Amino acid sequence: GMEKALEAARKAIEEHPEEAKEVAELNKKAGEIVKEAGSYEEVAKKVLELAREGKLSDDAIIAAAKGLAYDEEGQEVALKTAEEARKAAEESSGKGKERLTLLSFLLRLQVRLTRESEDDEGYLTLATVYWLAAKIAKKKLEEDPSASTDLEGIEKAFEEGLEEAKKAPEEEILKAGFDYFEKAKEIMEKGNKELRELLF
Ligand code: NA
């Protein structure tokens, strides 16, 4: 059912092109900030450390995970940083564990999107559907506290949200796309602003 869900994501991009183009440009800006802050191994280690020390906010982690995964060679580094974040989050607490868990999840999610898309416009369409999956995944974690805050538990909630997202009605995916455009604009504006100050 992924085909029909992509069709509803494309309608949202056609019905709000100015917002979707802003998100796509905010995504390339995150890629530039991370690419230009130094080598991909330098930035990833730096991004992991700042996240482990509670200095990267949730929006700056979203932006860094995108920027580190928008390069094929970066995908290997982003995957390495994902496992390091999970092994560091397991030996951490509070914000350290929480921030590194998001970092681990978002790195692998962005590598997945980047691998499953052939250009930036295919990425924007697929990311719209994953945004609905995340909301469905979040409610699953909110309804069930026992659900593992662990990376392996969030991904299972995401897969369950992704399966339910492919089969959602047209208007549900459509409205989720307009919200993605709205939220991604704010998140990436603050996230890139914060990555800029910390990485240079
Ligand atoms: Na870099």
# chains A, B, ... in the order shown; residues from 1 in each chain; ligands from 1

$ residues_around --residues "residue 91 (chain A)" --least-positions-apart "5" --cutoff "12 Å" --atoms "only C-alpha atoms" --output "short mmCIF file (atom, residue, chain, number, x, y, z; two decimals) with N, CA and C atoms, in the first residue's frame"
data_model
loop_
_atom_site.label_atom_id
_atom_site.label_comp_id
_atom_site.auth_asym_id
_atom_site.auth_seq_id
_atom_site.Cartn_x
_atom_site.Cartn_y
_atom_site.Cartn_z
N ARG A 52 25.54 13.75 23.70
CA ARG A 52 25.73 13.05 24.96
C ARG A 52 25.82 14.01 26.14
N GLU A 84 27.12 3.76 17.74
CA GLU A 84 27.85 4.38 18.83
C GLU A 84 26.92 5.14 19.76
N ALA A 85 25.90 5.79 19.20
CA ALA A 85 24.94 6.50 20.04
C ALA A 85 24.13 5.52 20.89
N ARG A 86 23.77 4.37 20.33
CA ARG A 86 23.02 3.39 21.10
C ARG A 86 23.89 2.75 22.18
N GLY A 96 21.39 12.47 28.48
CA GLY A 96 22.38 11.77 27.68
C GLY A 96 21.80 10.57 26.96
N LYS A 97 21.12 9.69 27.70
CA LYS A 97 20.47 8.55 27.07
C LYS A 97 19.37 9.00 26.11
N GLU A 98 18.51 9.92 26.55
CA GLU A 98 17.39 10.37 25.72
C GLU A 98 17.86 11.01 24.42
N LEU A 100 20.83 10.80 22.88
CA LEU A 100 21.52 9.85 22.02
C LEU A 100 20.58 8.81 21.42
N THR A 101 19.45 8.53 22.07
CA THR A 101 18.51 7.57 21.51
C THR A 101 17.81 8.16 20.29
N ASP A 150 14.27 2.26 24.59
CA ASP A 150 15.42 1.76 23.85
C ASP A 150 15.21 1.92 22.35
#

$ residues_near_ligand --ligand "ligand 1" --cutoff "6 Å" --atoms "only C-alpha atoms and all ligand atoms" --output "list in words"
residues 34, 35, 36, 37, 38, 39, 40 and 43 of chain A

$ closest_atom_pairs --of "region 5-40 of chain A" --to "region 156-175 of chain A" --cutoff "6 Å" --atoms "only C-alpha atoms" --output "tab-separated table"
residue	atom	partner	partner_atom	distance
A:5	CA	A:166	CA	5.4
A:8	CA	A:174	CA	5.6
A:12	CA	A:174	CA	5.6

$ residues_around --residues "residue 55 (chain A)" --least-positions-apart "6" --cutoff "10 Å" --atoms "only C-alpha atoms" --output "MDAnalysis selection string"
chainID A and resid 47 49 61 95:96 99 194 198

$ write_last_selection --atoms "C-alpha atoms" --output "PDB file, in the first residue's frame"
ATOM      1  CA  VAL A  47      27.627  15.751  17.065  1.00  0.00           C
ATOM      2  CA  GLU A  49      29.586  14.323  22.029  1.00  0.00           C
ATOM      3  CA  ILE A  61      19.551  16.473  16.503  1.00  0.00           C
ATOM      4  CA  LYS A  95      19.268  13.644  28.796  1.00  0.00           C
ATOM      5  CA  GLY A  96      22.381  11.768  27.684  1.00  0.00           C
ATOM      6  CA  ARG A  99      19.262  12.639  23.310  1.00  0.00           C
ATOM      7  CA  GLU A 194      21.801  25.815  16.462  1.00  0.00           C
ATOM      8  CA  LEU A 198      27.951  24.789  17.635  1.00  0.00           C
TER       9      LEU A 198
END

$ residues_around --residues "residue 138 (chain A)" --least-positions-apart "2" --cutoff "9 Å" --atoms "only C-alpha atoms" --output "mmCIF file with N, CA, C and O atoms, in the first residue's frame"
data_model
loop_
_atom_site.group_PDB
_atom_site.id
_atom_site.type_symbol
_atom_site.label_atom_id
_atom_site.label_comp_id
_atom_site.auth_asym_id
_atom_site.auth_seq_id
_atom_site.Cartn_x
_atom_site.Cartn_y
_atom_site.Cartn_z
ATOM 1 N N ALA A 133 3.945 8.054 10.182
ATOM 2 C CA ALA A 133 4.353 6.874 10.933
ATOM 3 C C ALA A 133 4.907 7.253 12.301
ATOM 4 O O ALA A 133 4.652 6.564 13.297
ATOM 5 N N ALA A 134 5.663 8.351 12.368
ATOM 6 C CA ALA A 134 6.240 8.773 13.638
ATOM 7 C C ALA A 134 5.152 9.166 14.630
ATOM 8 O O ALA A 134 5.171 8.731 15.785
ATOM 9 N N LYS A 135 4.175 9.962 14.190
ATOM 10 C CA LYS A 135 3.051 10.301 15.058
ATOM 11 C C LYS A 135 2.327 9.053 15.539
ATOM 12 O O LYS A 135 1.928 8.969 16.704
ATOM 13 N N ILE A 136 2.129 8.078 14.651
ATOM 14 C CA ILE A 136 1.491 6.835 15.063
ATOM 15 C C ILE A 136 2.401 6.079 16.021
ATOM 16 O O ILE A 136 1.935 5.434 16.968
ATOM 17 N N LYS A 140 1.878 5.198 20.247
ATOM 18 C CA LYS A 140 2.093 3.851 20.765
ATOM 19 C C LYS A 140 3.014 3.873 21.976
ATOM 20 O O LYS A 140 2.794 3.140 22.947
ATOM 21 N N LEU A 141 4.050 4.713 21.940
ATOM 22 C CA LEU A 141 4.939 4.834 23.086
ATOM 23 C C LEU A 141 4.286 5.604 24.224
ATOM 24 O O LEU A 141 4.583 5.343 25.395
ATOM 25 N N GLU A 142 3.401 6.552 23.907
ATOM 26 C CA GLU A 142 2.733 7.301 24.964
ATOM 27 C C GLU A 142 1.681 6.443 25.648
ATOM 28 O O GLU A 142 1.543 6.477 26.876
ATOM 29 N N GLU A 143 0.935 5.663 24.867
ATOM 30 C CA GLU A 143 -0.077 4.792 25.447
ATOM 31 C C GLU A 143 0.557 3.674 26.260
ATOM 32 O O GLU A 143 -0.056 3.175 27.210
ATOM 33 N N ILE A 154 11.693 1.719 20.001
ATOM 34 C CA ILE A 154 11.136 2.809 19.205
ATOM 35 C C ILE A 154 11.013 2.401 17.742
ATOM 36 O O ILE A 154 10.004 2.688 17.086
ATOM 37 N N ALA A 157 8.042 0.371 17.291
ATOM 38 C CA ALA A 157 6.871 1.239 17.249
ATOM 39 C C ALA A 157 6.790 1.984 15.924
ATOM 40 O O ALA A 157 5.693 2.219 15.405
ATOM 41 N N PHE A 158 7.939 2.358 15.356
ATOM 42 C CA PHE A 158 7.937 3.042 14.070
ATOM 43 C C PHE A 158 7.460 2.117 12.953
ATOM 44 O O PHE A 158 6.640 2.515 12.119
ATOM 45 N N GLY A 161 3.897 1.884 13.177
ATOM 46 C CA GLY A 161 3.322 3.105 12.641
ATOM 47 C C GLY A 161 3.454 3.217 11.134
ATOM 48 O O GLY A 161 2.550 3.729 10.467
#

$ closest_residue --among "A:155, A:129, A:182, A:109" --to "residue 62 (chain A)" --atoms "only C-alpha atoms"
A:109

$ closest_residue --among "A:48, A:68, A:88, A:124" --to "residue 184 (chain A)" --atoms "only C-alpha atoms"
A:124

$ residues_around --residues "residue 31 (chain A)" --least-positions-apart "3" --cutoff "9 Å" --atoms "only C-alpha atoms" --output "PyMOL selection string"
chain A and resi 26-28+34-36+63-64+66-71

$ write_last_selection --atoms "C-alpha atoms" --output "PDB file, in the first residue's frame"
ATOM      1  CA  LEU A  26      16.081  23.555   4.809  1.00  0.00           C
ATOM      2  CA  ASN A  27      17.151  19.926   4.342  1.00  0.00           C
ATOM      3  CA  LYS A  28      19.914  20.813   1.894  1.00  0.00           C
ATOM      4  CA  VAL A  34      27.365  19.319   8.345  1.00  0.00           C
ATOM      5  CA  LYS A  35      29.453  18.931   5.173  1.00  0.00           C
ATOM      6  CA  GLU A  36      31.210  22.280   5.713  1.00  0.00           C
ATOM      7  CA  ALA A  63      18.959  18.628  11.616  1.00  0.00           C
ATOM      8  CA  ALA A  64      22.281  16.890  12.277  1.00  0.00           C
ATOM      9  CA  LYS A  66      19.601  14.687   8.148  1.00  0.00           C
ATOM     10  CA  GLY A  67      22.860  16.448   7.319  1.00  0.00           C
ATOM     11  CA  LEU A  68      24.984  13.421   8.192  1.00  0.00           C
ATOM     12  CA  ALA A  69      22.850  11.074   6.060  1.00  0.00           C
ATOM     13  CA  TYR A  70      22.498  13.175   2.888  1.00  0.00           C
ATOM     14  CA  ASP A  71      25.759  11.784   1.505  1.00  0.00           C
TER      15      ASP A  71
END

$ atom_distance --atom1 "CA of residue 132 (chain A)" --atom2 "CA of residue 176 (chain A)"
5.8 Å

$ residues_around --residues "residue 131 (chain A)" --least-positions-apart "6" --cutoff "9 Å" --atoms "only C-alpha atoms" --output "ChimeraX atom specification"
/A:176-177,179-180

$ write_last_selection --atoms "N, CA, C and O atoms" --output "PDB file, in the first residue's frame"
ATOM      1  N   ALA A 176      -1.524  15.005   7.323  1.00  0.00           N
ATOM      2  CA  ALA A 176      -0.215  14.756   7.917  1.00  0.00           C
ATOM      3  C   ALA A 176       0.898  15.420   7.116  1.00  0.00           C
ATOM      4  O   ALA A 176       1.939  15.780   7.678  1.00  0.00           O
ATOM      5  N   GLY A 177       0.704  15.575   5.802  1.00  0.00           N
ATOM      6  CA  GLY A 177       1.714  16.228   4.986  1.00  0.00           C
ATOM      7  C   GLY A 177       1.786  17.725   5.221  1.00  0.00           C
ATOM      8  O   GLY A 177       2.875  18.303   5.260  1.00  0.00           O
ATOM      9  N   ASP A 179       1.021  19.169   7.985  1.00  0.00           N
ATOM     10  CA  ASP A 179       1.628  19.331   9.298  1.00  0.00           C
ATOM     11  C   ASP A 179       3.134  19.115   9.232  1.00  0.00           C
ATOM     12  O   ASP A 179       3.901  19.852   9.860  1.00  0.00           O
ATOM     13  N   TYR A 180       3.575  18.114   8.468  1.00  0.00           N
ATOM     14  CA  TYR A 180       5.006  17.906   8.275  1.00  0.00           C
ATOM     15  C   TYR A 180       5.663  19.163   7.725  1.00  0.00           C
ATOM     16  O   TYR A 180       6.705  19.598   8.224  1.00  0.00           O
TER      17      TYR A 180
END

$ decode --residues "region 72-102 of chain A" --atoms "N, CA and C atoms" --output "PDB file, in the first residue's frame"
ATOM      1  N   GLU A  72      26.222   9.678   0.400  1.00  0.00           N
ATOM      2  CA  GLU A  72      26.409   8.232   0.335  1.00  0.00           C
ATOM      3  C   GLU A  72      27.570   7.792   1.220  1.00  0.00           C
ATOM      4  N   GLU A  73      28.722   8.452   1.080  1.00  0.00           N
ATOM      5  CA  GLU A  73      29.846   8.179   1.971  1.00  0.00           C
ATOM      6  C   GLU A  73      29.490   8.517   3.416  1.00  0.00           C
ATOM      7  N   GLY A  74      28.685   9.564   3.614  1.00  0.00           N
ATOM      8  CA  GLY A  74      28.215   9.899   4.947  1.00  0.00           C
ATOM      9  C   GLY A  74      27.306   8.847   5.555  1.00  0.00           C
ATOM     10  N   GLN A  75      26.585   8.095   4.714  1.00  0.00           N
ATOM     11  CA  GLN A  75      25.689   7.054   5.218  1.00  0.00           C
ATOM     12  C   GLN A  75      26.440   6.008   6.029  1.00  0.00           C
ATOM     13  N   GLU A  76      27.649   5.646   5.599  1.00  0.00           N
ATOM     14  CA  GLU A  76      28.452   4.725   6.395  1.00  0.00           C
ATOM     15  C   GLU A  76      28.823   5.350   7.734  1.00  0.00           C
ATOM     16  N   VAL A  77      29.222   6.624   7.725  1.00  0.00           N
ATOM     17  CA  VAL A  77      29.549   7.299   8.975  1.00  0.00           C
ATOM     18  C   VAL A  77      28.301   7.465   9.832  1.00  0.00           C
ATOM     19  N   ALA A  78      27.169   7.799   9.207  1.00  0.00           N
ATOM     20  CA  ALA A  78      25.940   7.996   9.967  1.00  0.00           C
ATOM     21  C   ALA A  78      25.489   6.698  10.622  1.00  0.00           C
ATOM     22  N   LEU A  79      25.667   5.567   9.932  1.00  0.00           N
ATOM     23  CA  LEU A  79      25.314   4.275  10.516  1.00  0.00           C
ATOM     24  C   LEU A  79      26.247   3.924  11.670  1.00  0.00           C
ATOM     25  N   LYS A  80      27.539   4.232  11.521  1.00  0.00           N
ATOM     26  CA  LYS A  80      28.496   4.011  12.601  1.00  0.00           C
ATOM     27  C   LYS A  80      28.161   4.864  13.814  1.00  0.00           C
ATOM     28  N   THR A  81      27.794   6.125  13.583  1.00  0.00           N
ATOM     29  CA  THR A  81      27.424   7.012  14.678  1.00  0.00           C
ATOM     30  C   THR A  81      26.113   6.583  15.325  1.00  0.00           C
ATOM     31  N   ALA A  82      25.238   5.912  14.576  1.00  0.00           N
ATOM     32  CA  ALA A  82      23.995   5.418  15.157  1.00  0.00           C
ATOM     33  C   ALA A  82      24.260   4.316  16.180  1.00  0.00           C
ATOM     34  N   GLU A  83      25.125   3.356  15.840  1.00  0.00           N
ATOM     35  CA  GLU A  83      25.433   2.278  16.777  1.00  0.00           C
ATOM     36  C   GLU A  83      26.228   2.791  17.971  1.00  0.00           C
ATOM     37  N   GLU A  84      27.118   3.755  17.737  1.00  0.00           N
ATOM     38  CA  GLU A  84      27.851   4.378  18.831  1.00  0.00           C
ATOM     39  C   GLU A  84      26.919   5.145  19.756  1.00  0.00           C
ATOM     40  N   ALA A  85      25.896   5.791  19.196  1.00  0.00           N
ATOM     41  CA  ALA A  85      24.939   6.499  20.038  1.00  0.00           C
ATOM     42  C   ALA A  85      24.133   5.525  20.888  1.00  0.00           C
ATOM     43  N   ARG A  86      23.766   4.370  20.326  1.00  0.00           N
ATOM     44  CA  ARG A  86      23.015   3.388  21.100  1.00  0.00           C
ATOM     45  C   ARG A  86      23.886   2.750  22.177  1.00  0.00           C
ATOM     46  N   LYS A  87      25.156   2.470  21.864  1.00  0.00           N
ATOM     47  CA  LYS A  87      26.059   1.929  22.874  1.00  0.00           C
ATOM     48  C   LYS A  87      26.460   2.978  23.902  1.00  0.00           C
ATOM     49  N   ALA A  88      26.408   4.259  23.543  1.00  0.00           N
ATOM     50  CA  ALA A  88      26.652   5.303  24.529  1.00  0.00           C
ATOM     51  C   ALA A  88      25.393   5.599  25.329  1.00  0.00           C
ATOM     52  N   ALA A  89      24.227   5.547  24.681  1.00  0.00           N
ATOM     53  CA  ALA A  89      22.982   5.784  25.401  1.00  0.00           C
ATOM     54  C   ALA A  89      22.717   4.698  26.433  1.00  0.00           C
ATOM     55  N   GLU A  90      23.155   3.464  26.166  1.00  0.00           N
ATOM     56  CA  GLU A  90      22.939   2.389  27.127  1.00  0.00           C
ATOM     57  C   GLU A  90      23.800   2.577  28.371  1.00  0.00           C
ATOM     58  N   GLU A  91      24.929   3.275  28.243  1.00  0.00           N
ATOM     59  CA  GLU A  91      25.803   3.583  29.368  1.00  0.00           C
ATOM     60  C   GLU A  91      25.655   5.034  29.812  1.00  0.00           C
ATOM     61  N   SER A  92      24.469   5.609  29.622  1.00  0.00           N
ATOM     62  CA  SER A  92      24.173   6.988  29.982  1.00  0.00           C
ATOM     63  C   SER A  92      22.857   7.038  30.748  1.00  0.00           C
ATOM     64  N   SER A  93      22.425   8.256  31.070  1.00  0.00           N
ATOM     65  CA  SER A  93      21.222   8.468  31.858  1.00  0.00           C
ATOM     66  C   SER A  93      20.609   9.807  31.481  1.00  0.00           C
ATOM     67  N   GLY A  94      19.343   9.976  31.853  1.00  0.00           N
ATOM     68  CA  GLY A  94      18.668  11.251  31.671  1.00  0.00           C
ATOM     69  C   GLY A  94      18.761  11.775  30.255  1.00  0.00           C
ATOM     70  N   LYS A  95      19.185  13.036  30.121  1.00  0.00           N
ATOM     71  CA  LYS A  95      19.268  13.644  28.796  1.00  0.00           C
ATOM     72  C   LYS A  95      20.271  12.919  27.910  1.00  0.00           C
ATOM     73  N   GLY A  96      21.389  12.471  28.483  1.00  0.00           N
ATOM     74  CA  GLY A  96      22.381  11.768  27.684  1.00  0.00           C
ATOM     75  C   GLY A  96      21.797  10.573  26.958  1.00  0.00           C
ATOM     76  N   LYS A  97      21.124   9.693  27.697  1.00  0.00           N
ATOM     77  CA  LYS A  97      20.466   8.552  27.072  1.00  0.00           C
ATOM     78  C   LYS A  97      19.367   9.000  26.111  1.00  0.00           C
ATOM     79  N   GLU A  98      18.507   9.923  26.552  1.00  0.00           N
ATOM     80  CA  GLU A  98      17.386  10.366  25.722  1.00  0.00           C
ATOM     81  C   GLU A  98      17.856  11.014  24.423  1.00  0.00           C
ATOM     82  N   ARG A  99      18.807  11.945  24.511  1.00  0.00           N
ATOM     83  CA  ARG A  99      19.262  12.639  23.310  1.00  0.00           C
ATOM     84  C   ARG A  99      19.981  11.691  22.357  1.00  0.00           C
ATOM     85  N   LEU A 100      20.826  10.802  22.884  1.00  0.00           N
ATOM     86  CA  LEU A 100      21.517   9.849  22.022  1.00  0.00           C
ATOM     87  C   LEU A 100      20.577   8.811  21.422  1.00  0.00           C
ATOM     88  N   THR A 101      19.448   8.529  22.074  1.00  0.00           N
ATOM     89  CA  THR A 101      18.511   7.570  21.505  1.00  0.00           C
ATOM     90  C   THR A 101      17.811   8.162  20.292  1.00  0.00           C
ATOM     91  N   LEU A 102      17.373   9.416  20.398  1.00  0.00           N
ATOM     92  CA  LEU A 102      16.825  10.112  19.240  1.00  0.00           C
ATOM     93  C   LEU A 102      17.855  10.190  18.120  1.00  0.00           C
TER      94      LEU A 102
END
